[PDB]
């Protein structure tokens, strides 16, 4: 429904007041831009908005903002939005914490020239062919958005996070 801004964390992240005075974390493309406390926002529907209701998930997401920039928050939101649409399933809130941290790690690892090898891509794809396919499309998205080429081994890791988000 309608949300009231408590604090803007960055251009893509918001602390908001909601249902029965619940405090939530809002993540979306440009949701926080030019916003200030007491501003009333409604879901635009076109900015890939996600809500973090769980108190422990909100705490963990806000703590990761101490190092992950707004751009990386936005790349990860774009991939989670794609995962959500491709699975046509409810993803647990933790994907916003675990996967954002994982994407930022993988990008920085590649930027620093640290090569990586995943020896189990064949077994990951065999056990999770749908999650593996979505992960390949997710890697293509990250590569375009961050302007680099993530190692192939990362398809395996993304697929396993997708399984976890779908199952808890």
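Residue numbers count along the first chain shown, from 1.
Visitor: With respect to the recorded C-alpha B factors, which stretch has the higher mean value, 49-57 or 104-112?
Guide: Going by the record's values, the stretch with the higher mean is 49-57.
Visitor: Could you check the entry and say whether 83-91 or 69-77 has the higher mean CA B-factor?
Guide: Per the PDB entry, the higher value belongs to 83-91.
Visitor: Checking the entry, which one of 142, 127, 26, 40 has the top C-alpha B factor?
Guide: 40 has the highest C-alpha B-factor of those listed.
Visitor: Quick check for you: using the entry's CA B-factors within this chain, is residue 33 in the lowest, middle or highest third?
Guide: Highest third of the chain for residue 33's C-alpha B-factor.
Visitor: Consider only the C-alpha atoms of the modelled residues in this chain, order them by B-factor as the entry records it, and name the third containing residue 8: lowest, middle or highest.
Guide: Middle third by C-alpha B-factor.
Visitor: Tell me, lowest, middle or highest third: where does the Cα B factor of residue 134 rank within its chain?
Guide: It falls in the bottom third of the chain.
Visitor: Name the third of the chain's ranked CA B-factors that contains residue 165, choosing lowest, middle or highest.
Guide: Middle third of the chain for residue 165's C-alpha B-factor.
Visitor: Which third of the chain does residue 121 land in by C-alpha B-factor: lowest, middle or highest?
Guide: Residue 121: CA B-factor falls in the lowest third of its chain.
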